[PDB]
Amino acid sequence: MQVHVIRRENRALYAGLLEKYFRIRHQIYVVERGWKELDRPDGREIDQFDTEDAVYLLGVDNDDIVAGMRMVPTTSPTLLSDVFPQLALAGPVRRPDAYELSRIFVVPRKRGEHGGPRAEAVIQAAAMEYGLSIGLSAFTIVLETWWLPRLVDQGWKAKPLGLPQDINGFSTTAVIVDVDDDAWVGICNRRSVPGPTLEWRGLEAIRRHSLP
Ligand SMILES: CC(C)(COP(=O)(O)OP(=O)(O)OC[C@H]1O[C@@H](n2cnc3c(N)ncnc32)[C@H](O)[C@@H]1OP(=O)(O)O)[C@@H](O)C(=O)NCCC(=O)NCCS
Ligand SMILES: Nc1ncnc2c1ncn2[C@@H]1O[C@H](CSCC[C@H](NC(=O)/C=C/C2C=CC(O)C=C2)C(=O)O)[C@@H](O)[C@H]1O
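As summarised from the PDB record, the model derives from X-ray crystallography at a stated resolution of 1.8500 Å.

Written out as structure tokens, the structure is:
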């Protein structure tokens, strides 16, 4: 899988893939998960946090989107700040060095064991790769509570920001995850991800830091 960084500065280069992306999200979230609340008239699954400040990581395999991740700066409106503030006791995280992760998916074809590293593992490793590249110290996540043992198992250190709550019938919690060398090297080692997978097409102006 090839993981493309898509952001404000190179969005123009990815118009076609982004069109396909918002459609895939309809299938994954509205159709498969049955999250009818996210349905929209034109059939795209796009919400209030799909803005120019968002960063997408899109995994592409044999011309198809097979995995995805959305990242929103915590200085911008987030799911935590604007939709689920009650999940963080002290208040929303609003830090220049923290991003909120959302809309993680792998298409059915790439779930579980196939070729080498699991797509699930590659997209999450790519998230940490991005964070380390731009010098983030944390990722926030509003997530279903079944993620918690998975985050432990892949080597991440996720601290809860509050108590779990039932949202839309299911237990949900907000966490803050450390972004550091161990977080990335950890998943890579535990999941057989061969280090860097990110593409930075048209992003030559953006400085990043050497990966460990
Ligand atoms: C979450 C996801 C990336 C996991 O992919 P994967 O780990 O490669 O493969 P699977 O889907 O088989 O999931 C493996 C395990 O994760 C857990 N899991 C995955 N989806 C789950 C759900 N909706 N509810 C509860 N547990 C779930 C289960 O323990 C599952 O094993 P089991 O079904 O044998 O019990 C994938 O299922 C997906 O893309 N789902 C739709 C998007 C989504 O729900 N994302 C979170 C909200 S943004
Ligand atoms: N705009 C939105 N308004 C209102 N509601 C919304 C909006 N959007 C989504 N909901 C709803 O949020 C609920 C709880 S789930 C919390 C949000 C969820 N993200 C993760 O799980 C991240 C995992 C994750 C990410 C990275 C990882 O590495 C591991 C797990 C998501 O992006 O949909 C669901 O019932 C949705 O219907």
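Draft legend 1. How the structure looks around the site of ligand 1. Around ligand 1, the surrounding shell holds 14 residues, and the nearest of these are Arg33, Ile104, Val106, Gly112 and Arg150. For ligand 1, an oxygen atom lies 2.8 Å from a polar atom in the side chain of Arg33. Contact distances for ligand 1 include 2.9 Å between a nitrogen atom and a backbone N or O atom of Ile104. Relative to its free-state accessible area of 870 Å², ligand 1 is covered by the protein chains to the extent of 60%. Of all the secondary-structure elements, those providing two or more residues to the shell around ligand 1 are α1 (15-32) and β4 (98-106). At four residues, the largest contribution of residues to the shell around ligand 1 is made by β4. Taken together, the residues that form the shell around ligand 1 break down as eight nonpolar, one polar and five charged.

Draft legend 2. Just the packing of aromatic side chains, in detail. One pass over the full model with this rule turns up eight aromatic pairs. Ring geometry for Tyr21 and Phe105: centres 6.4 Å apart, planes at 25 degrees, overall stacked. Residue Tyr21 is found in helix α1, and its partner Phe105 is found in strand β4; the two are separated by 84 residues along the sequence. Measuring from centroid to centroid gives 5.4 Å for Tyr130 and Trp200, while their planes differ by 15 degrees, and the two rings are stacked. You can see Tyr130 sitting in helix α3 (residues 119-134) and its partner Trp200 sitting in the segment after β9 (198-199), a full 70 residues away along the chain. For the pair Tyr130 and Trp200, a shared accessibility class is recorded, and that class is buried. Members of the aromatic cluster, connected to one another through ring pairs, are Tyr21, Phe22, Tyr29, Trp35, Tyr56 and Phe105.

Draft legend 3. Highlighting the site of ligand 2. Around ligand 2 lies a shell of 21 residues, among which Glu37, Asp47, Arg103, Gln124 and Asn168 are the nearest. Measuring from an oxygen atom of ligand 2, one finds a backbone N or O atom of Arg103 at 3.0 Å. When ligand 2 sits alone it has 740 Å² of accessible area, and the protein chains cover 93% of it. According to the grid-proximity analysis, the pocket containing ligand 2 is the largest pocket. Listing elements by their share of the shell around ligand 2, those giving two or more residues are β4 and β5 (138-144). Sorting elements by how many residues they give to the shell around ligand 2 places β4 first, with four residues.

Draft legend 4. Inspection of unusual backbone geometry at higher detail. Notably, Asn62 is not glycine yet its phi reads approximately 50 degrees, a positive angle. Counting through the fold element by element, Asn62 comes out in the loop between β2 (55-61) and β3 (64-73). Here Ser192, not a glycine, exhibits a phi torsion of approximately 60 degrees, which is positive. Its place among the elements puts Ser192 in the loop between α5 (181-191) and β9. For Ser192, a relative accessible area of 54% gives the class exposed.

Draft legend 5. Main features of α3. The end-to-end C-alpha separation of α3 is 23 Å, in line with the 22 Å expected for 16 residues at 1.5 Å each. The element α3 is largely enclosed, with a buried count of 15 among its 16 residues. Following α3 by one or two positions, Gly135 adopts a phi angle in the positive range, close to 80 degrees.

Draft legend 6. Spotlight on the layout of surface pockets. Each pocket or cavity is described by its volume, and for the largest pocket that value is around 1100 Å³. Broken down by secondary-structure element, the contributors of at least two residues to the lining of the largest pocket are α1, β4, α3, β5, α4 (148-153) and β8 (170-178). Considering each element in turn, the lining of the largest pocket owes the most residues, six residues, to β4. Estimated volume of the second largest pocket: approximately 200 Å³. As for the second largest pocket, its lining consists of 14 residues, and the residues nearest its centre are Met1, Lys110, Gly116, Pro117 and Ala119. Tallied by class, residues from the lining of the second largest pocket come to five nonpolar, five polar and four charged.

Conventions used here
- Residues numbered from 1 in each chain as written, not as in the entry; some residues may be left out.
- Chains lettered and ligands numbered in written order.
- Heavy atoms only, no water.
- Near = heavy atom within 4 Å.
- Polar contact = N/O pair within 3.5 Å; in protein donor to acceptor, adjacent residues only side chain to side chain.
- Areas by Shrake-Rupley, 256 points an atom, 1.4 Å probe, with all protein chains shown as cover.
- Helix = DSSP H or I, 4+ residues; strand = E, 2+ residues; numbered from the N terminus.
- Nonpolar A, V, L, I, M, F, W, Y, C, P; charged D, E, K, R; others polar.
- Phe/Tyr/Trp six-rings, centres within 6.5 Å; stacked < 30°, edge-to-face > 60°.
- Buried < 20%, exposed > 50% of the residue type's maximum accessible area, 1.4 Å probe, protein only.
- 1 Å grid on protein atoms, 1.4 Å probe; cavity = no way out; pocket = protein on both sides within 12 Å on 5 of 7 lines; lining within 4 Å.
- Sits in = over half its atoms within 2 Å of the grid points.
- Expected span 1.5 Å × (residues − 1).
- Points joined across faces, edges and corners; volume = space filled by probe spheres on them.

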